[PDB]
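Written below as structure tokens is the structure these notes are about.
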Amino acid sequence: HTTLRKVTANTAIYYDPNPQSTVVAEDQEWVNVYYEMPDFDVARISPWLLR
Amino acid sequence: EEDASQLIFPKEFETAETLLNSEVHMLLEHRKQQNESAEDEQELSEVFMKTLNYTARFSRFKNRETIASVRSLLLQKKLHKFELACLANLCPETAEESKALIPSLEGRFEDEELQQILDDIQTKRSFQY
Amino acid sequence: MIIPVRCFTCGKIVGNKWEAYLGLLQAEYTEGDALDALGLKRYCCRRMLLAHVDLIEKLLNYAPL
Amino acid sequence: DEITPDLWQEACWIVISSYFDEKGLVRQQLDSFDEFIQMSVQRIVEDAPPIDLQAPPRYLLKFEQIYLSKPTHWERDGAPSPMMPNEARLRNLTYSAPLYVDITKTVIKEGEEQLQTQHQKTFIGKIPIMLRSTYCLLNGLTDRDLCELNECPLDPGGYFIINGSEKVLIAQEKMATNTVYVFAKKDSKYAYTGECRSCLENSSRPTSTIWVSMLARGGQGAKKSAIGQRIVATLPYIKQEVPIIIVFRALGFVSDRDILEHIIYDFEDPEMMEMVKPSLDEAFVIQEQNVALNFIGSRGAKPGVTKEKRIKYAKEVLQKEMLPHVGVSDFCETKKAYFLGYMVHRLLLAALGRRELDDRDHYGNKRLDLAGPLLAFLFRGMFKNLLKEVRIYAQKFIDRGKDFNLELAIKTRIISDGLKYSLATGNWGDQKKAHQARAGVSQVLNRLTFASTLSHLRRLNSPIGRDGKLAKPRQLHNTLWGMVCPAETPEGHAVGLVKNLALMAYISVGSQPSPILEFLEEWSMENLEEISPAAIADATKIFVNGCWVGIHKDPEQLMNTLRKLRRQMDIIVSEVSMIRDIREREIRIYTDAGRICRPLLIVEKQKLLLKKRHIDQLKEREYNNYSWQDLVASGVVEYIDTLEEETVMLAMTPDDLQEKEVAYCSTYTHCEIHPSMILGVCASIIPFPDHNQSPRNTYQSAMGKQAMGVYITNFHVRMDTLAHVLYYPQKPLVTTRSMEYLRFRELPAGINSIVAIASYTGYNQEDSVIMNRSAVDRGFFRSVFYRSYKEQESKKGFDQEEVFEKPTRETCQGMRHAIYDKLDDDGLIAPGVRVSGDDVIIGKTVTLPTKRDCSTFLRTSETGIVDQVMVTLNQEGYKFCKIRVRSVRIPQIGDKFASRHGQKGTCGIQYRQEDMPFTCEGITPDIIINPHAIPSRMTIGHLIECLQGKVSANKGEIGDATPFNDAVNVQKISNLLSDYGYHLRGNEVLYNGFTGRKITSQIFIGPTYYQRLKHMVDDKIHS
Amino acid sequence: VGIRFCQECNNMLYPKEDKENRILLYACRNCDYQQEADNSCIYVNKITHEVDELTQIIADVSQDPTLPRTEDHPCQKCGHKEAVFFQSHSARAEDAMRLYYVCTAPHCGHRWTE
Amino acid sequence: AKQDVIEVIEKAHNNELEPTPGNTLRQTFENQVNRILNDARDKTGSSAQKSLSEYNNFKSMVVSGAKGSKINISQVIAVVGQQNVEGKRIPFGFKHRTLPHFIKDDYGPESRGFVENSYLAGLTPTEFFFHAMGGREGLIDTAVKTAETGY
Ligand SMILES: [Zn+2]
Ligand SMILES: [Zn+2]
Ligand SMILES: [Zn+2]
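Protein chains in written order, with the numbering used here: chain X, 18 to 68; chain U, 3 to 131; chain D, 327 to 391; chain Z, 1252 to 2274; chain B, 30 to 143; chain W, 273 to 423.
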């Protein structure tokens, strides 16, 4: 039995005002292409994150 | 025809509620106080004095708050009233100690849960020093 | 308390040697040299003198009845 | 100049000789009682609350000073005759001294006229006096005077005589006070415990403990999971757990930033900051200080009916009940908060893992309570009750309007009987109080052997209750090195709970921290009240007896100055210990009593401070006005406690630190005088314990006490229930250097024997031994036995009373069939009469409402001759007598004999000299032991001791039994033996007694020391 | 990850989000004062917590006599041969085994790991 | 064996040692060092058994199997062996050091209780205390073992 704790390295709660901001610089390259498809983006999205 | 190990005894004692050795001392003290000063009456019987020393020597608790806390703590469980005073009076050190001394507890108490009860009594009982 | 009369092992007399043993110690003689003078060739008898304590000296300090 | 390694062996033992000559073996018993009787007793009287009586007439009674006189005996005449300690044992009365207190009363009757009267030396009561103490009758007396008083000069004392019974206060280890400890328990609902029991100076109020716990992350909830782990603190008088943050608000720090300032010293570090955030959420709604006080008082033990009362109760609890040691007044809010923040800060380090959890078994965290500290707590029990008796007695008098005489008010019985009760029965504290007394304290002194008596006085006891239960007192910890003997421990269920103090180690008597506190102020030290919280980030914390004195800018300079004062016997006493936690920037100074510490040579720049000149003066220690105390004065040697030992480097011997091919450590601070001092009294007497197995060394500690021998010199004058004295107790052939300090050489408990290890006739198994009948006939192991019979004729009833007379068959109706010719006209058997079987030795009858015989017969059927008869008057004044029946026991097949190490072996068979296996020179071994014991339940030391004994006897020199002396070696001993025409390994050709043919195997025979154990067949069968 | 205090009452500034300007600003509750946050980060949590111990090691451990000293590894910015070394004191890193070196110079206080 | 233990310590000190997949680094290091010390006792002890001659009395007891054991002879002649406490080596009672004499964070043979001296030769002052710690555990276990087994 393995939990997310044993497979996770670090976690943080970042703030992003708009969906396209992605204040984190490193992940901006890959999140953009994935987020192009409006999956769950039919309405407003909260500016919080649980990366 | 009666045996404490098998929880068999006269039906009259079922209605009675058990008392702790330290708690009885408080009741004896209340009886002692009124007799000594409230009323001019013959001195208390030798039997009363003998049990007063027995309760005082084996008193495991300081004040009513400690006595009440243990009584309330053990009341939440399904502990039988006979075991209520017996467990508190004996103060078994470990779970294995209580079951051998109290055969009844082995019937409906596990080796782990009861250990969490005896240790709680230890945190409540205090020594003179 | 006091030095035994004779060796417990063989039976050689050792009580009489105690008086000379102490006298030889204060005469600048070695602990082992004194035993040879008394004539204790066996190690069983030398034990009775080399490693003996005379407790009666301290008991005699107390006054009698 | 310097001590050369070739001379260090003799030099190292010289300094140890001075230590015992000045300090002694019972200095820790005497010192604590001296402190208790000099200052603690005065402090209890001085710190007593004022006595106020009211019902217009106001009476204020105060105790001014306490006067203590030397022990005296009060008979029916009442004259203050001196009471010798020996008289107490013979008369079966407590050895004690009167207690006198000055009482001053001020009375005002509303007439605007204040007048007072002086009561000089009021007979408050009496205090038992430890033997050989400052107030004892045998202090500073020469050896000549002690004999005149029928007291053994070699007896160290340090015990109390109660009702004729010698009692030793067993030291009870307790968790150290005013110290923060963080432990982890997996059974509690919370992850971590911020346990810290805080108490004031020696004793002002009962100890109060607060647990600043931290809730575990295991629990899950809507809001609990978000904030996660929050800190909750339980106050001593608050049943529920209140958040710690609220406590600071109650103190006065309304601002939230101030809360973080006192807890988090380093704001730059964000790891600790995140942990405190959840704790603020619970306390956030409580912004105002009054609300915080209201919040705490809500769950108080006795909440007030009105709202304002809740604030007052909380104010008193935090001010007085909580953290008494840091501050007891009403203007210590800043000081109290800083200590409270430190407890949280200590918790944060442990929770994050950056600080190691405190060790439960660490002796630095445990304090030892001696007769002084123990009796100090007891004295308050009677004194507090004494005020109540005066108050209650005066209460009925005051309301009636007439003045009450003090002579009746003060109760002598409570003070006298109160201390005497527990010291006799052993149940600590008052019996009337509804509690469980701590048994096992003040046990009967073991006088079977002198070594046993010394071990009992230095005996230690592991903590009982939750503290002992949670920890592993039985297991041997590393801190015991040089402080508590590792080998010595009773065998059985209570194994490891009872221990013995190390020979060199002693327990701190105690001192006032005021001189240390004043010292810091004149230096760069700055108190918390003056500085801002930001200055604590970089500075080092200073603690005095667990109190927050204040940070210091530079730790190195202050400690070096502090160390110099300690070495110079300046205002800082050598007893005081300073601990520097470098990894935590904490400097802890402890001055309270109960700290176990041992001396250590100081090393500076890889060079011993102890020079040749110091040893030269020590060599002439007598008639030169030089003692051990001078060494500490010069700074060559100081004392290190358990906490300081954590940060003090040690070296076994100078050879280790002088130079090495590869430097194991180039910075040595202290050097041990000699490693063998770790052994206790019973373990010290063992040669080559390193060569011996650990259980065997532990087993000997029990056997050594059970060994019979001359226990003291004044055995004839005293009367003991059980006393075994050996006919010929001779010093061993193989003796340890530490044996001299124990005085076991003067009073040994065994007789050496030429032991041949062989299987003769198969009459000896693993647990057995074969003796020599002829040797026993010459006095090989014979010993005497003393049993004292006591009886008193008291007038318990007016109609019926006891008397001493001959129970004649006619005048007496009820009697038991026995011979009565032994008794004299006075009903007491005169000395010199042989008594055997069932015989009456003292005549006593009761005049029941014709008299019934109630005399005392012999306990057993043994044949003995009465030694001496004593007739006295007991404390009650009734006639009381004691008689000592002396019997002679001859070693037989049933007696149990034990070597100095191994398992006791019963005498399987006794053989005459002819039957024993004689050697070429005609030396029949006195004792033959089974060779099959050597492998497992014995030690090679037996063979080595035999080899050393043979060389010692042959060369006529007592061998050295130092456990860690490189000079003594098995090969070296073998070479010495070969020079005297003996086998290098000690083997000899033994001719069998029965058949004269040579035995094929060459037996190993040597003079091994042996001791006779108290276990004898005669006692068992005669019962 | 850090904590900031307001200038009015010096109290905690919990993270709050506004719906008009769509900007995260640290706002106190009891007092109306509110300040914007430029970090745009509320907090972080390292599950494995592999934090470097060099910052935790204190430079004043050089004078400790009990700590072992080795001259094999000299200080980087001093050149002094003597260097005190020891293992991690953190219980979290107790699983791992590593050595941390500190310069023995009186005032350098340099900490490095090989 | 002592040199091999130092080599293992050096490998762990330089992070060269690799933990086994079924164990962690700290526990793996304790396992490797234990085997080196354990193997030395058995190898030296076995040589002691061959050393004894037929005439030797120590060999006679073990050969017949009457009393004693080959391990007892090993502790008397070759080496006492490691003194394990609670199933592990001597713990760091002090701050990262078993005893004050040893340097901090010392995991060597002598520091952690490895007794390299036989009973005949004599144990060092450090080894004596470590031997006492090991013996104390056995006495405690023996005291409770009889009480539990009898029940
Ligand atoms: Zn002889
Ligand atoms: Zn604010
Ligand atoms: Zn540097």
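Beta carbons: idealized from backbone N, C-alpha and C, even for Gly.
### Query
Are three or more beta carbon pairs between the stretch 2155-2167 of chain Z and the stretch 2060-2068 of chain Z nearer than 8 Å?
Result no; under three Cβ-Cβ pairs closer than 8 Å.
### Task
Report the residue ranges of all beta strand (DSSP E) runs contained in full by the stretch 1571-1611 of chain Z; include only those spanning at least 3 residues, in chain order.
Listed in chain order, there is nothing to give.
### Query
Whose Cβ in chain B lies nearer than 9 Å to the Cβ of residue 1258 of chain Z?
Counting from one through the fourth sequence, the residue named residue 1258 of chain Z turns up at place 7. Neighbours of residue 1258 of chain Z on chain B: none; closest Cβ ~27 Å, over 9 Å.
### Query
If we call anything under 8 Å between Cβ atoms a contact, is residue 2168 of chain Z one with residue 2241 of chain Z?
Counted from its first residue, the fourth sequence places residue 2168 of chain Z at position 917. Counted from its first residue, the fourth sequence places residue 2241 of chain Z at position 990. It is a contact, given that the beta carbons lie within the stated cut-off.
### Task
Using beta-carbon positions only, say whether residue 127 of chain U and residue 62 of chain U come within less than 8 Å of one another.
As a working mapping, residue 127 of chain U is identified with position 125 in the second sequence. As a working mapping, residue 62 of chain U is identified with position 60 in the second sequence. Cβ distance < 8 Å, so residue 127 of chain U and residue 62 of chain U count as in contact.
### Query
Can you check whether the CB of residue 1782 of chain Z is closer than 8 Å to the CB of residue 1791 of chain Z?
The residue labelled residue 1791 of chain Z in the question sits at position 540 within the fourth sequence. The residue labelled residue 1782 of chain Z in the question sits at position 531 within the fourth sequence. Annotated as distal: residue 1791 of chain Z and residue 1782 of chain Z, with beta-carbon spacing of 8 Å or more.
### Message
Considering only heavy atoms of ligand 1, does any lie closer than 7 Å to the CB of residue 338 of chain D?
### Response
Position 12 of the third sequence, counted from the start, is the residue given in the question as residue 338 of chain D. It does: the Cβ of residue 338 of chain D is within 7 Å (strictly closer) of some heavy atom of ligand 1.
### Task
May I ask you to report which of helix, strand or coil DSSP gives residue 1958 of chain Z?
Taking the fourth sequence and counting its residues from 1, one reaches residue 1958 of chain Z at position 707. The answer is strand: DSSP assigns residue 1958 of chain Z an E or B state.
### Message
Quick check: is any heavy atom of ligand 1 less than 7 Å from the C-beta of residue 2259 of chain Z?
### Response
The residue given as residue 2259 of chain Z occupies position 1008 in the fourth sequence. No, the Cβ of residue 2259 of chain Z stays beyond 7 Å of every heavy atom of ligand 1.
### Task
Taking the CB atoms as reference points, tell me whether residue 2083 of chain Z and residue 2116 of chain Z lie closer together than 8 Å.
To locate residue 2083 of chain Z, count along the fourth sequence from 1; it is residue 832. To locate residue 2116 of chain Z, count along the fourth sequence from 1; it is residue 865. Less than 8 Å separates the beta-carbon of residue 2083 of chain Z from that of residue 2116 of chain Z.
### Task
Helix, strand or coil for residue 1541 of chain Z, going by three-state DSSP, please let me know.
Mapped onto the fourth sequence, residue 1541 of chain Z falls at position 290. Helix.
### Query
Closest by CA to residue 2202 of chain Z, which one among D:372, D:350 and D:388?
Residue mapping note: residue 2202 of chain Z aligns to position 951 of the fourth sequence, counting from 1. Nearest option by C-alpha distance: D:372.
### Task
Quick one: using the 10 Å Cβ neighbour count with 16 as the cut-off for buried, is residue 2146 of chain Z buried or exposed?
Translated into the one-based positions of the fourth sequence, residue 2146 of chain Z becomes position 895. With a threshold of 16 other beta carbon atoms within 10 Å, residue 2146 of chain Z meets it and is buried.
### Cβ-based burial, residue 18 of chain X [other Cβ within 10 Å; buried from 16]
On the first sequence, position 1 is the one that residue 18 of chain X refers to. When all chains shown are included, residue 18 of chain X counts as exposed.
### Query
If the cut is a Cβ gap below 7 Å, which residues of chain B does residue 1916 of chain Z touch?
Locating residue 1916 of chain Z in the fourth sequence gives position 665, where the first residue counts as 1. Chain B residues near residue 1916 of chain Z: 97.
### Query
Can a CB atom of chain W be found closer than 8 Å to the CB of residue 1742 of chain Z?
Working through the fourth sequence from its first residue, we reach residue 1742 of chain Z at position 491. Contacts with chain W at 8 Å (Cβ-Cβ) include residue 1742 of chain Z.
### Task
Within the stretch 2185-2256 of chain Z, note down every full beta strand (DSSP E) run reaching 3 residues or more, in order along the chain.
For the stretch 2185-2256 of chain Z, not one full-length beta strand (DSSP E) segment reaches 3 residues or more.
### Task
Provide the residue span of the beta strand (DSSP E) that contains residue 1751 of chain Z, from first to last.
Here residue 1751 of chain Z is taken as the residue at index 500 of the fourth sequence, counted from 1. Judged by DSSP secondary structure, residue 1751 of chain Z falls within the beta strand (DSSP E) whose first and last residues are 1749-1751.
### Task
For residue 329 of chain D, name the three-state secondary structure that DSSP assigns.
Counted from its first residue, the third sequence places residue 329 of chain D at position 3. Coil.
### Task
Starting from residue 1680 of chain Z, find everything on chain U with Cβ-Cβ shorter than 8 Å and list it in chain order.
Here residue 1680 of chain Z corresponds to residue number 429 of the fourth sequence, with the count starting at 1. Neighbours of residue 1680 of chain Z on chain U, chain order: 130 and 131.
### Message
Buried or exposed for residue 1823 of chain Z, going by 16 or more other Cβ atoms inside 10 Å?
### Response
Position 572 of the fourth sequence, counting from 1, holds the residue named residue 1823 of chain Z. With 16 or more Cβ atoms within 10 Å of its Cβ, residue 1823 of chain Z is classed as buried.
### Query
Would the beta-carbon of residue 1576 of chain Z fall within 8 Å of that of residue 1798 of chain Z?
If you number the fourth sequence from 1, residue 1576 of chain Z lands on position 325. If you number the fourth sequence from 1, residue 1798 of chain Z lands on position 547. Contact: yes.
### Query
Taking Cβ positions, are residue 1413 of chain Z and residue 1671 of chain Z nearer each other than 8 Å?
For the purposes of this step, residue 1413 of chain Z is taken as the residue at position 162 of the fourth sequence. For the purposes of this step, residue 1671 of chain Z is taken as the residue at position 420 of the fourth sequence. Their beta carbons are under 8 Å apart, which means residue 1413 of chain Z touches residue 1671 of chain Z by this criterion.
### Query
Where does residue 1430 of chain Z land, buried or exposed, given buried means 16+ other C-beta within 10 angstroms?
Within the fourth sequence, numbered from 1, the residue matching residue 1430 of chain Z stands at position 179. That one is buried.
### Task
Starting from the N-terminal end, write out each residue whose C-beta falls within a distance shorter than 5 Å of any non-hydrogen atom of ligand 3.
Those residues that bring their Cβ nearer than 5 Å to a heavy atom of ligand 3 are B:104, B:107, B:132, B:134, B:137 and B:139.
### Query
Along chain D, in chain order, which residues have C-beta atoms closer than 7 Å to that of residue 1705 of chain Z?
As a position in the fourth sequence, residue 1705 of chain Z is number 454, starting the count at 1. Residues of chain D whose Cβ lies closer than 7 Å to the Cβ of residue 1705 of chain Z do not exist, since the nearest Cβ in that chain is about 17 Å away.
### Task
Say whether the stretch 2010-2026 of chain Z touches the stretch 2266-2274 of chain Z, bearing in mind that this needs 3 or more beta-carbon pairs closer than 8 Å, one atom from each stretch.
Segments in contact, no.
#### Entry: Assigned secondary structure, residue 1893 of chain Z (DSSP; H/G/I helix, E/B strand, else coil)
Translated into the one-based positions of the fourth sequence, residue 1893 of chain Z becomes position 642. Residue 1893 of chain Z: helix per DSSP, three-state reduction.
### Cβ shell of residue 2091 of chain Z (< 7 Å), same chain only, five flanking positions each side left out
For the purposes of this step, residue 2091 of chain Z is identified with residue 840 of the fourth sequence, where counting begins at 1. Excluding residues within five positions, the ones whose Cβ falls inside 7 Å are 2069, 2071, 2073, 2074, 2106 and 2108.
### Query
Does any heavy atom of ligand 2 sit closer than 7 Å to the C-beta of residue 1512 of chain Z?
Here residue 1512 of chain Z refers to the residue found at position 261 of the fourth sequence. No, ligand 2 has no heavy atom inside 7 Å of this Cβ.
### Task
Compare the C-beta of residue 1717 of chain Z against all C-beta atoms of chain U and say whether one is closer than 8 Å.
One-based indexing of the fourth sequence puts residue 1717 of chain Z at position 466. Chain U contact via Cβ: present.
### Reduced DSSP secondary structure (H/G/I, E/B, other) of residue 1773 of chain Z
For this step, residue 1773 of chain Z is matched to residue 522 along the fourth sequence. Here residue 1773 of chain Z carries a helix assignment [DSSP, helix/strand/coil].
### Query
Taking 8 Å as the CB-CB cut-off, is residue 391 of chain W touching chain Z?
Counting from 1 along the sixth sequence, the entry for residue 391 of chain W is found at position 119. By this cut-off, residue 391 of chain W is an interface position.
### Query
Taking Cβ positions only, does residue 60 of chain U come closer than 8 Å to chain Z?
Against the second sequence, residue 60 of chain U aligns to sequence position 58. Yes, residue 60 of chain U lies at the interface with chain Z (some Cβ there is under 8 Å from its Cβ).
### Query
Grouping DSSP H, G and I as helix and E and B as strand, with all else coil, what is residue 116 of chain B?
Numbered from its first residue, the fifth sequence carries residue 116 of chain B at position 87. When secondary structure is reduced to three states using DSSP, residue 116 of chain B falls in the strand class.
### Query
Which residue from Z:2055, Z:1254, Z:1272 and Z:1303 puts its Cα closest to that of residue 1876 of chain Z?
By one-based count along the fourth sequence, residue 1876 of chain Z stands at place 625. Among Z:2055, Z:1254, Z:1272 and Z:1303, the Cα nearest to that of residue 1876 of chain Z is on Z:1272.
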